[PDB]
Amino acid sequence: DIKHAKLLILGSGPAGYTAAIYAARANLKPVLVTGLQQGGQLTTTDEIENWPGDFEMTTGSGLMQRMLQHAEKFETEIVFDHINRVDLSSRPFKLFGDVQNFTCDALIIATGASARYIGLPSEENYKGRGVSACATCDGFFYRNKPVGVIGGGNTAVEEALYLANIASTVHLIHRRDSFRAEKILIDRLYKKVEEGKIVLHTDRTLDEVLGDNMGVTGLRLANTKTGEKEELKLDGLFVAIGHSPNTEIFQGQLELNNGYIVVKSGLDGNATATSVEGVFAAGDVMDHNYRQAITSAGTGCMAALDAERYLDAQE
């Protein structure tokens, strides 16, 4: 039972929904596939303060529910599925889902990015039993208990700041001695450090995630300059070492650059066009530099307008 769409959008983050809204207003009758994280990465943050025009109190989940209802306002067909294989070698394009299969005349890819892991066997062993990559999902378990966050970028800082309202102590662990985040969040971070609420463990790498048959009980860390080992007692570990683009299913199907989908870019339009004619990409899956909801939504709009111009040219 192959479901055919004129325009198929993969992803229910801000790029996917913005593409759907524009495509629906162009009378393209878009079909949007949600994926397994409906709403996208913003559903794993708490307050969003830099969505322009939301100056009061907006949560990531609240914003993405608005975008869902916006796409539905213009009758976007929203389908739950997870695409596990694509074949772009001929048209119409073929996509293979956990629930059903699809074909389409134009494809907008907005599959975003997902958290990476450090790769230790002990880390794997405790995934979903005290090792997590989503602070808002699992933070409540650690009310008044010690937790760890590993990483030094804008995700690690946001997760440490979120957990600082919940945990007794947040141990923020990084293999360098400085952090990279919006400066307003660096300011908040160091205030919590001066209050003793966040404890910094700089120039440290994870050596082993420790625990028992229930869950995590601590970490062994290694000094990046001496090799010297140390142990830390804690109840949960949040791995925040970066989100890599969700493009495994496009290996061998599209031009990628370090996993990001290569698009035309440029100043002459058709800027979201991939290496395959009729396939476009928007949002974090093609952006390794800005990584914002607002920039993802902007390229989502561009992909819809690019896809409209392409379908118009097919007669």
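Just count from 1 along the sequence shown to find any residue number.
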Fill in the blank from the handout: Between 228-236 and 184-192, the record assigns the higher mean Cα B factor to 228-236
Fill in the blank from the handout: Stretch with higher mean Cα temperature factor, 214-222 vs 115-123, is 214-222
Fill in the blank from the handout: From the entry's CA B-factor values, the highest among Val157, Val79, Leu206, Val147 is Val79
Completion exercise
Of the three thirds of Cα B-factor ranks in this chain, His174 occupies the lowest
Exercise for the section: Please rank the C-alpha B-factors of the chain's modelled residues and tell me whether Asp284 sits in the lowest, middle or highest third. Expected result: lowest
Exercise for the section: For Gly151, return the chain-relative third of its C-alpha B-factor as stated in the PDB record: lowest, middle or highest. Expected result: lowest
Practice task
Consider only the C-alpha atoms of the modelled residues in this chain, order them by B-factor as the entry records it, and name the third containing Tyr142: lowest, middle or highest.
Solution key: middle
Practice task
Can you work out whether the C-alpha temperature factor of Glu248 puts it in the lowest, middle or highest third of the chain?
Solution key: middle
